[PDB]
Participant: 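Below are the structure tokens for one structure; questions will follow.
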Protein chains: 2
Amino acid sequence: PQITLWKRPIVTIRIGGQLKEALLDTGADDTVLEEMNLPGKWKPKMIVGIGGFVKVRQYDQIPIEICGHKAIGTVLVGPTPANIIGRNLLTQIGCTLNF
Amino acid sequence: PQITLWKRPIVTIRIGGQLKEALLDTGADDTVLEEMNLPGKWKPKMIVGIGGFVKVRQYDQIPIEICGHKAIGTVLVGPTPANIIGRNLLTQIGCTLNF
Ligand SMILES: CC(C)CN(C[C@@H](O)[C@H](Cc1ccccc1)NC(=O)O[C@H]1CO[C@H]2OCC[C@H]21)S(=O)(=O)c1ccc(N)cc1
């Protein structure tokens with residue numbers, strides 16, 4: 001699809017058997033989701049945003065479907081005000097900016 | 001141009017007679033720049049990011065050139081760890097997501 005930016009680029013994703021909504025966020029290096037349960041090992045990570053540093057849990061090689069496209073990659077989980085799909089997963093579904 | 005997302009989508013902008021770099025950020029409603037001087041009236045505004053609420057100054061109808069495209073729009077100024085061009089200005093230069 002071609003998504004214009006008059007509205008937030010929110011799409012439906014499926015992960016760990018749940019349907020959630022998330023932001024396609026080219027300003028994010030990494031995908032970060034609101035608190036949820038994921039299986040397997042995780043390591044503590046820190047990220048920075050507007051507001052400062054935030055502590056998160058990193059899970060790797062997590063299957064996720066994004067607006068109909070299936071992907072596998074790293075997912076961070078923590079106290080984000082928004083589910084965001086960052087560049088690490090946007091590249092997996094062939095997402096680009098165009099103008 | 002078509003910009004892939006293996007790297008941060010950083011472009012050169014010109015604003016208040018300065019050249020700066022900024023991130024094309026579909027996950028931002030609003031354009032937010034690191035501390036700088038702009039002419040005219042400004043109102044205090046609050047935004048939220050990953051690390052909480054942040055107080056910023058809002059300036060309206062500011063000319064800005066972004067990767068060669070001229071635009072006019074609202075610019076927020078405050079303690080952001082990055083210059084970010086948000087949807088309010090991405091729409092002005094005809095920027096879309098495609099996958
Ligand atoms: C500031 C950027 C370098 C990075 N941010 C991504 C950014 O797109 C966030 C993404 C975002 C979105 C909503 C809430 C928090 C963070 N947007 C944001 O801070 O924008 C603010 C300015 O305009 C407003 O519109 C939306 C929030 C406001 S970030 O959320 O802090 C971030 C940092 C690292 C990762 N891996 C993921 C996300």
Side-chain angles (χ1 to χ4, degrees), chain A residues 2-6 8-11 22-32 47-54 80-87 90 95-99, chain B residues 1-5 8-13 15-40 42 44-98:
Chain A
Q2 165 156 304
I3 300 184
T4 66
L5 302 177
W6 298 103
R8 296 175 180 166
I10 305 288
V11 297
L23 256 179
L24 304 178
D25 191 353
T26 60
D29 293 335
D30 317 298
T31 293
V32 192
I47 55 173
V48 68
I50 279 159
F53 298 113
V54 177
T80 174
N83 291 330
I84 53 177
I85 311 298
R87 290 189 296 102
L90 297 171
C95 190
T96 62
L97 292 159
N98 294 265
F99 62 93
Chain B
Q2 164 157 301
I3 299 176
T4 67
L5 301 175
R8 296 170 176 169
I10 280 145
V11 299
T12 297
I13 67 169
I15 185 165
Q18 307 198 42
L19 292 174
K20 291 167 184 288
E21 276 185 330
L23 192 66
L24 304 178
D25 189 353
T26 58
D29 291 339
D30 309 305
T31 294
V32 194
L33 302 187
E34 298 171 329
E35 198 52 51
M36 63 173 303
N37 295 149
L38 288 172
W42 62 265
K45 187 189 167 71
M46 277 257 287
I47 53 168
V48 71
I50 243 164
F53 298 112
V54 176
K55 299 167 97 168
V56 300
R57 305 197 308 280
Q58 175 180 337
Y59 303 77
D60 295 318
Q61 308 256 254
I62 297 302
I64 177 167
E65 204 185 348
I66 300 162
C67 196
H69 298 56
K70 292 187 185 164
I72 301 165
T74 292
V75 170
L76 305 186
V77 183
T80 171
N83 291 331
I84 55 181
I85 312 298
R87 292 189 295 102
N88 76 299
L89 285 176
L90 298 171
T91 59
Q92 309 267 34
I93 64 174
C95 186
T96 63
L97 291 156
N98 298 264

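Naming convention: chains lettered A, B, ... in sequence-line order (proteins, then strands); numbering from 1 in each chain.
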Participant: Mind checking side chain to side chain contact (heavy atoms under 4.5 Å, CB included) for A:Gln2 and listing every partner two or more places apart, or none if nothing turns up?
Facilitator: B:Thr96, B:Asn98
Participant: So do B:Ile72 and B:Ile62 actually touch side chain to side chain, heavy atoms under 4.5 Å?
Facilitator: no
Participant: What pair of heavy atoms forms the shortest contact from B:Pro79 to B:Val54, and how long is it?
Facilitator: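 So the two residues come closest at CG-CG1, 3.7 Å.
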Participant: So how far is it from A:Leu24 CG to A:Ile10 CD1, rounded to the nearest 0.5 Å?
Facilitator: 7.5 Å
Participant: Which value, rounded to the nearest 0.5 Å, describes the distance between B:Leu90 atom CG and B:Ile84 atom CD1?
Facilitator: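 These two atoms lie 10.0 Å from each other.
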Participant: Do other residues, nucleotides or ligands put more than 12 heavy atoms under 6.0 Å from B:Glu35 CD?
Facilitator: yes
Participant: Report the C-alpha distance between B:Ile66 and B:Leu89 in whole Å, list the side-chain angles of each, state the deciding distance to 0.1 Å, and finish with yes or no for side chain to side chain contact (heavy atoms under 4.5 Å, CB included).
Facilitator: CA-CA 9 Å; B:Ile66 300 162; B:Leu89 285 176; 4.1 Å; yes
Participant: How far apart are the closest heavy atoms of B:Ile15 and B:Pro63, and which atoms are they?
Facilitator: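 In terms of heavy atoms, the two residues are closest at CG1-O, 3.8 Å.
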Participant: Would you check if B:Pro9 and B:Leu23 make a side-chain contact, meaning some heavy-atom pair closer than 4.5 Å?
Facilitator: yes
Participant: Would you check if B:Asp29 and B:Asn88 make a side-chain contact, meaning some heavy-atom pair closer than 4.5 Å?
Facilitator: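 Contact flag for B:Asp29/B:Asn88 side chains = no.
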Participant: Hey, is the main chain of A:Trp6 close enough, under 3.5 Å, to the side chain of B:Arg87 for a donor-acceptor pair?
Facilitator: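 Pair found, side chain donor or acceptor close to backbone of A:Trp6.
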Participant: Would you give the length of the straight line joining atom CD1 of B:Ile3 to atom CG of A:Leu97, rounded to the nearest 0.5 angstrom?
Facilitator: 5.5 Å
Participant: Looking only at non-hydrogen atoms, find the nearest pair between B:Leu5 and A:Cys95 and report the distance.
Facilitator: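 That closest heavy-atom pairing would be CD1-O, 3.5 Å.
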Participant: Side chains of B:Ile50 and A:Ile50, heavy atoms from C-beta outward: is any pair under 4.5 Å?
Facilitator: no
Participant: Which atom names give the shortest non-hydrogen contact between A:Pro81 and B:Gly49, and what distance separates them?
Facilitator: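 Scanning both residues, the minimum pair turns out to be CG-O, 3.4 Å.
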Participant: So B:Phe53 and B:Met46, do their side chains get closer than 4.5 Å, heavy atoms only?
Facilitator: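 They are in contact (side-chain heavy atoms under 4.5 Å apart), so the answer is yes.
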Participant: Could you give me the CA-CA distance, side-chain angles and deciding distance for B:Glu21 and B:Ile13, then say whether side chain to side chain contact (heavy atoms under 4.5 Å, CB included) is met?
Facilitator: CA-CA 6 Å; B:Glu21 276 185 330; B:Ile13 67 169; over 6 Å; no
Participant: How would you list, by chain and number, every residue that makes a side chain to side chain contact (heavy atoms under 4.5 Å, CB included) with A:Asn83, sequence neighbours excluded?
Facilitator: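 Expected list: A:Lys20, A:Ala22, A:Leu33, A:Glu34.
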Participant: What distance separates B:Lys70 NZ from B:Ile93 CD1, expressed to the nearest 0.5 Å?
Facilitator: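 Here the rounded value is 14.5 Å.
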Participant: Using a 4.5 Å cut-off on heavy atoms from C-beta on, say whether the side chain of B:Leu19 contacts that of B:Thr12.
Facilitator: yes
Participant: To check you understand the geometry: which heavy-atom pair defines the closest contact between B:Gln92 and B:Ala71, and what is its length?
Facilitator: CB-CB, 3.9 Å
Participant: Indicate yes or no for a side-chain donor-acceptor contact from B:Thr31 to the backbone of B:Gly86 under 3.5 Å, with no hydrogens or angles considered.
Facilitator: yes
Participant: Can you tell me how far apart CD1 (A:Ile85) and OG1 (A:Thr26) are? Round to the nearest 0.5 Å.
Facilitator: 13.0 Å
Participant: Report yes if the side chains of B:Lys45 and B:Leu76 come closer than 4.5 Å at any heavy-atom pair, otherwise no.
Facilitator: yes
Participant: Please state whether the rings of B:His69 and A:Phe99 are parallel, tilted or perpendicular, taking 30° and 60° as the class boundaries.
Facilitator: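 Rings of B:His69 and A:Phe99: perpendicular, as their planes differ by over 60°.
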